[PDB]
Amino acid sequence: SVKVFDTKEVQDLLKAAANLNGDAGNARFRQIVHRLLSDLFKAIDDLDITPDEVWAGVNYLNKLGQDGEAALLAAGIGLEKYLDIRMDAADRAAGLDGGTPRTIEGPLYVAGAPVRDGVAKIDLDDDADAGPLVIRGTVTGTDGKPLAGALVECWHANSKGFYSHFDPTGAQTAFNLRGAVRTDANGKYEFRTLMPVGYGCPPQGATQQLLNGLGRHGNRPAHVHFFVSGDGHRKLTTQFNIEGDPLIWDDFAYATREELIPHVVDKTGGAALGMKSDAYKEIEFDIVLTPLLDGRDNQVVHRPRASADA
């Protein structure tokens, strides 16, 4: 095995490829590209990665983007969780760690859902195998005062593990199991929905192909996603997990947190609330938001996100 990485020829090639000695441009982008390319070249040298192996990796990247699954792989190999770990460490150093814990967004948010005052019913399609579920709570600041007019958004899967706008078996109604609620004067929000089921990666897709290569499964336990925002506060990205799911501590995207597994309560009286059975489940999920530091939210994330019209 040869070792060439630390030769002038290779180091000059990397400088040229990243255009380090180029005219005034995007120095930050060039710095990132040079670092990533240098690390890749060094890894090839150290592990003696063969051309056949490299071209197989190149081919996988083609499949990954052809499948549109780069963000699913980002969750599956722990990169999305890692970003949360770094955000959590920064919050702890700054004293901005007093709110409800964050966890990963995942790749399935859809913008444009209808907004209701106080209460929203979000199961637009019938799903005989999912039972009714009420999610409710109060949004407060870290000082405990209720936040009125805060925006609570949630999205989750049906009983087959599919989300509206991403269902391969057939179109769901737009924004099925997706809603937004403006909290009332006392900070309260409530969703009436159906119970989600966990799901697995598309089995022929690039993410499952790599997981199979590693010997890992690509399943998530049942969960519900939230964004919560409000004037004067940071935007929270979080979720909760459904108690009792066998995969709850074996999520392929490493997203479960012990503080985000709320007690599920058995209730009756569902028909009066517009649910399809007398018996239903209720999950209380309170939210504590952190005030902005210096008037700016330095952890809100901009990424490509789907959108639709109601």
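Sequential numbering from 1, following the sequence displayed. If you superpose the two forms and keep the largest set of C-alpha atoms that fall within 1.5 Å, you have the rigid core.
Q: Which of 88-96 and 138-146 lies farther, on average, from the shown form in 4 other deposited structures of this protein once the rigid core is superposed (C-alpha RMS)?
A: After superposing on the rigid core, the more displaced stretch in 4 other deposited structures of this protein is 88-96.
Q: So if we fit everything on the core, which stretch drifts more in 4 other deposited structures of this protein, 97-105 or 193-201, C-alphas only?
A: Larger mean C-alpha displacement, comparing 97-105 and 193-201 in 4 other deposited structures of this protein, is found in 97-105.
Q: Look over 76-84 and 90-98 in the entry and identify the one with the greater average Cα temperature factor.
A: Stretch with the higher mean C-alpha B-factor: 90-98.
Q: Which is higher in the entry, the mean Cα B factor of 67-75 or that of 109-117?
A: Looking at the record's C-alpha B-factors, the answer is 109-117.
Q: Would you mind finding, among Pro196, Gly200, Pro221, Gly215, the residue with the largest C-alpha temperature factor in the entry?
A: Most elevated C-alpha B-factor of the set, per the entry: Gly215.
Q: Between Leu177, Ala174, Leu210, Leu151, which one tops the list for C-alpha B-factor in the PDB entry?
A: Of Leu177, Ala174, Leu210, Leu151, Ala174 has the highest C-alpha B-factor.
Q: Comparing against every modelled residue in the chain, figure out the third that the C-alpha B-factor of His233 lands in (lowest, middle or highest).
A: For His233, the deposited C-alpha B-factor lands in the highest third.
Q: Please place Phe252 in the lowest, middle or highest third of its chain by C-alpha B factor as given in the entry.
A: Bottom third by C-alpha B-factor.
Q: Consider only the C-alpha atoms of the modelled residues in this chain, order them by B-factor as the entry records it, and name the third containing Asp127: lowest, middle or highest.
A: As the PDB entry reports it, the C-alpha B-factor of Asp127 lands in the highest third of its chain.
Q: Is the Cα B-factor recorded for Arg192 in the lowest, middle or highest third of its chain?
A: Answer is lowest: the recorded C-alpha B-factor places it there.
Q: For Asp286, does the deposited CA B-factor place it in the lowest, middle or highest third of the chain?
A: As the PDB entry reports it, the C-alpha B-factor of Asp286 lands in the lowest third of its chain.
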